[PDB]
Amino acid sequence: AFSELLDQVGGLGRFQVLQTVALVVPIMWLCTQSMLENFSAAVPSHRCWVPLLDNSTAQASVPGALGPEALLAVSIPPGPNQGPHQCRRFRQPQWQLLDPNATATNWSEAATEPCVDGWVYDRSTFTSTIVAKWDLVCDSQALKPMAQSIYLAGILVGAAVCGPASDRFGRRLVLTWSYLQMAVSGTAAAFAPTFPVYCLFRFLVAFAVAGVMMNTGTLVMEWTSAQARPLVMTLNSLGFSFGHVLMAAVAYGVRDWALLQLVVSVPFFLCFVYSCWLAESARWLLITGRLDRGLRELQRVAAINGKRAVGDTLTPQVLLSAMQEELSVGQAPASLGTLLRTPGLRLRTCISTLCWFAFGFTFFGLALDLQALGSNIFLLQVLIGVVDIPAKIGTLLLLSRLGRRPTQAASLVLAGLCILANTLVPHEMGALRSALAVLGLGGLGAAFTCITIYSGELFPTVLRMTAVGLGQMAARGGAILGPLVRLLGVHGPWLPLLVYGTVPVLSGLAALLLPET
Ligand SMILES: CC(C)(Sc1nc2ncccc2n1Cc1ccc(Br)c2ccccc12)C(=O)O
């Protein structure tokens with residue numbers, strides 16, 4: 001509400017703490033849902049089905065016993081990198097390759113056949129996975145990144161429909177509905193019997209996740225007093241950062257693709273159930289002509305906060321008088337027609353959108369394929385969650401005692417350079433590769449939290465909202481475009497990482513030009 005009314009009710013009190021505690025918790029499950037792909041879409045080694053081994057009759061027919069390692073060569077051509085071909089099989093068994101003396105160069109997939117009878121996967125680490133369930137390998141390999149992109153697409157559409165809708169019906173209504181939709185779609189996706197159904201439900205989940213993300217931030221921002229807004233926003237950001245540790249702790253327990261999704265998405269039913277006693281912001285209520293309900297909510301909060309007499313003395317006349325400032329000037333959002341037209345301000349917008357897209361792209365493109373970065377996914381997830389926090393706390397101190405522009409440029413350049421260096425080092429040293437990847441992700445996180453603050457300060461007060469929205473849309477579009485880059489991995493796994501490392505470096509170098517503060 002207006003500063004006078006909010007101060008009369010109380011800037012900080014019980015209700016603020018209760019609402020913050022209620023709203024931060026779902027944010028950890030809004031990060032578990034986003035990062036569930038690393039564990040529910042893993043790619044295990046997939047040999048080609050062979051009747052000699054799986055069908056026990058044929059194997060037992062041969063007198064004596066033949067070791068599986070020695071009997072595998074006779075029916076699998078030697079694939080690249082001294083391994084078994086992932087999507088080929090011998091047309092007929094070749095006992096000539098059985099003798100180790102003969103060179104295996106003559107034995108190749110020139111006279112082989114495709115995987116007609118299906119693939120055999122590994123159940124040592126993951127008991128089940130979507131890839132092993134719908135054969136998303138070989139010719140369907142490209143279908144794995146696609147599922148990651150569509151989900152991100154949903155998020156982009158959500159902010160396009162949760163923007164105006166929440167400005168007409170309210171904040172709490174949209175938040176509750178989005179919680180319900182998240183819970184229902186997550187519960188339903190676990191039972192999807194075909195790939196397109198799962199993709200559709202994932203897209204709907206992304207839509208609801210965007211709605212929750214916007215509404216939860218708007219509701220927190222409005223109610224908290226002016227002096228304590230960034231302090232609560234950073235807590236809201238730290239919740240999402242602890243979401244990574246939560247994800248790492250959950251996946252280690254259940255090894256499945258349906259149980260994991262169901263367990264992750266079930267708590268949103270409780271989130272919806274208890275989300276009915278949260279108060280609707282009176283700021284939105286009063287401006288939109290809803291006076292009586294806003295007054296009732298204000299009195300309710302005043303009674304909650306421990307000041308009864310103050311709330312009792314309130315009357316609609318004082319309420320109308322105190323909010324005349326907002327009513328007189330009905331600030332209408334200004335379109336881009338008055339933003340890009342001024343030549344002087346063009347560079348600022350260009351560079352800001354460049355930074356927002358660079359981070360939206362590289363961080364989603366790198367985090368989603370967490371396997372290629374290190375050795376074991378669980379340790380990488382835990383370390384990302386642990387390291388994100390200190391970087392996010394230290395960025396604020398850096399900004400206080402150092403310029404915004406140097407900090408932004410240095411963080412972005414260092415993140416990009418660490419990501420790039422991760423590829424060059426060999427695979428013998430898993431520890432160093434994992435450490436470099438973790439540092440790169442932490443740097444990207446720091447750059448993102450710094451640019452969030454930096455963007456608003458650049459432009460005047462009137463044009464800040466349009467620029468922030470443009471940056472968010474750019475940053476979302478880059479996220480969508482991120483996963484698609486992996487389709488170049490056929491040439492080699494190094495090219496996607498090279499691109500992910502080159503983009504942030506150039507963005508950070510460019511971001512040194514725009515003025516300070
Ligand atoms: C809105 C938020 C979760 S903020 C936040 N802080 C972050 N820090 C690091 C990484 C993500 C972080 N988010 C969430 C986030 C930001 C930008 C993009 Br694009 C996202 C795309 C998909 C899902 C979440 C996204 C909150 O605090 O309520």
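Sort out which residues of the stretch 235-269 are surrounded by fewer than 16 Cβ atoms within 10 Å (Cβ to Cβ) and either under 30 Å from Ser400 (Cβ atoms) or within 16 Å of the ligand (Cβ to nearest atom) (or both), and write them in order of number.
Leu235 - this is the single residue of the stretch 235-269 that is surrounded by fewer than 16 Cβ atoms within 10 Å (Cβ to Cβ) and either under 30 Å from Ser400 (Cβ atoms) or within 16 Å of the ligand (Cβ to nearest atom) (or both).
Of (1) buried (at least 19 other Cβ atoms within 10 Å of the Cβ); (2) of a type in the set (S, T, N, Q); (3) not assigned by TED's automatic domain parsing to the domain that holds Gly306, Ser34 satisfies all except one. Which?
Unmet condition: (3).
Among the candidates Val131, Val120, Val137, which residue alone is touching a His at 6+ places or on another chain (Cβ under 6 Å) and in contact (Cβ under 8 Å) with a residue 60 or more places away in the chain?
The unique qualifying residue is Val137.
Criterion first (assigned to a loop (DSSP other than H, G, I, E, B) and more than 11 Å from the ligand (Cβ to nearest atom)) does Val462 satisfy it?
Yes, satisfied.
Does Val21 count as out of contact with any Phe, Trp or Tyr (no Cβ under 6 Å at 6 or more places or on another chain), assigned to a helix (DSSP H, G or I) and free of Cβ contacts under 8 Å to residues at least 40 places away in the same chain?
yes
Which residue is farthest from the chain's Cα centre (by Cα), if the candidates are limited to the stretch 79-111 and must be among the hydrophobic types (A, V, I, L, M, F, W, C) and part of a loop (DSSP other than H, G, I, E, B)?
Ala102
Determine whether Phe272 is assigned by TED's automatic domain parsing to the domain that holds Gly170, within 16 Å of the ligand (Cβ to nearest atom) and aromatic (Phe, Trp, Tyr).
It is false that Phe272 is assigned by TED's automatic domain parsing to the domain that holds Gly170, within 16 Å of the ligand (Cβ to nearest atom) and aromatic (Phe, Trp, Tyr).
Tell me which of these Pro230 doesn't satisfy, since it passes every other one: (1) more than 16 Å from the ligand (Cβ to nearest atom); (2) farther than 30 Å from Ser321 by Cβ; (3) surrounded by fewer than 17 Cβ atoms within 10 Å (Cβ to Cβ); (4) not polar (S, T, N, Q).
The number of the failed condition is (1).
Would you say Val197 is aliphatic (A, V, I, L, M), in a helix (DSSP H, G or I) and free of Cβ contacts under 8 Å to residues at least 12 places away in the same chain?
Yes, satisfied.
So is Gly508 assigned by TED's automatic domain parsing to the domain that holds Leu397 and buried (at least 18 other Cβ atoms within 10 Å of the Cβ) or not?
Here the answer is yes, as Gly508 does meet what is asked.
Quick check on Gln16: is it surrounded by 14 or more Cβ atoms within 10 Å (Cβ to Cβ), more than 16 Å from the ligand (Cβ to nearest atom), among the polar types (S, T, N, Q) and closer than 30 Å to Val266 by Cα?
Answer is yes for this residue.
I'm trying to understand the selection: among the residues of the stretch 33-78, which are over 28 Å from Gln148 (Cα atoms), outside any helix (DSSP H, G or I) and out of contact with any strand residue (DSSP E or B) (no Cβ under 8 Å at 6 or more places or on another chain)?
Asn55, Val62, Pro63, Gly64, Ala65, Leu66, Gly67
List pairs: first in the stretch 401-412 and assigned by TED's automatic domain parsing to the domain that holds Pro515, second surrounded by fewer than 19 Cβ atoms within 10 Å (Cβ to Cβ) and not hydrophobic (A, V, I, L, M, F, W, C), Cβ under 7 Å, 6+ apart or cross-chain?
What qualifies is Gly403/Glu516; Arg404/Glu516; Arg404/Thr517; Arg405/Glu516.
Which residue is surrounded by the fewest Cβ atoms within 10 Å (Cβ to Cβ), if the candidates are limited to the stretch 468-505 and must be touching a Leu at 6+ places or on another chain (Cβ under 7 Å) and closer than 17 Å to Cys450 by Cβ?
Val505
Table: residues versus (1) in a helix (DSSP H, G or I); (2) under 21 Å from the mean Cα position of the chain (by Cα); (3) surrounded by fewer than 17 Cβ atoms within 10 Å (Cβ to Cβ); (4) outside the structural domain of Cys31 (by TED's automatic domain parsing).
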| residue | (1), (2), (3), (4) |
| --- | --- |
| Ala165 | yes, no, yes, no |
| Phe169 | no, no, yes, no |
| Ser178 | yes, yes, no, no |
| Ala188 | yes, yes, no, no |
| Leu204 | yes, yes, no, no |
| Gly211 | yes, yes, no, no |
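Yes or no, residue by residue, for (1) on the phi > 0 side of the Ramachandran plot; (2) of a type in the set (A, V, I, L, M, F, W, C); (3) assigned by TED's automatic domain parsing to the domain that holds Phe242; (4) surrounded by 20 or more Cβ atoms within 10 Å (Cβ to Cβ):
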{"position": "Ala22", "(1), (2), (3), (4)": "no, yes, yes, no"}
{"position": "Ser56", "(1), (2), (3), (4)": "no, no, no, no"}
{"position": "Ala65", "(1), (2), (3), (4)": "no, yes, no, no"}
{"position": "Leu71", "(1), (2), (3), (4)": "no, yes, no, no"}
{"position": "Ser75", "(1), (2), (3), (4)": "no, no, no, yes"}
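Does the stretch 433-459 hold any residues that are among the β-branched types (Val, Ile, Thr), within 10 Å of the ligand (Cβ to nearest atom) and in contact (Cβ under 8 Å) with a residue 12 or more places away in the chain, and which are they?
Within the stretch 433-459, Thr449 is the sole residue that qualifies.
Could you list, in sequence order, all residues of the stretch 407-429 that are assigned to a helix (DSSP H, G or I) and exposed (fewer than 14 other Cβ atoms within 10 Å of the Cβ)?
Residue satisfying the conditions is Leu424 alone.
Has the stretch 124-133 got any residue that is touching a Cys at 6+ places or on another chain (Cβ under 9 Å) and under 20 Å from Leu262 (Cβ atoms)?
No, every residue in the stretch 124-133 fails to be touching a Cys at 6+ places or on another chain (Cβ under 9 Å) and under 20 Å from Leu262 (Cβ atoms).
All of this is worked out from the model, or read from it or from the source named; no laboratory instrument gave them. Using ideal geometry, Cβ is built from the backbone for each residue, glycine included, and neighbour counts are taken over all protein chains shown.
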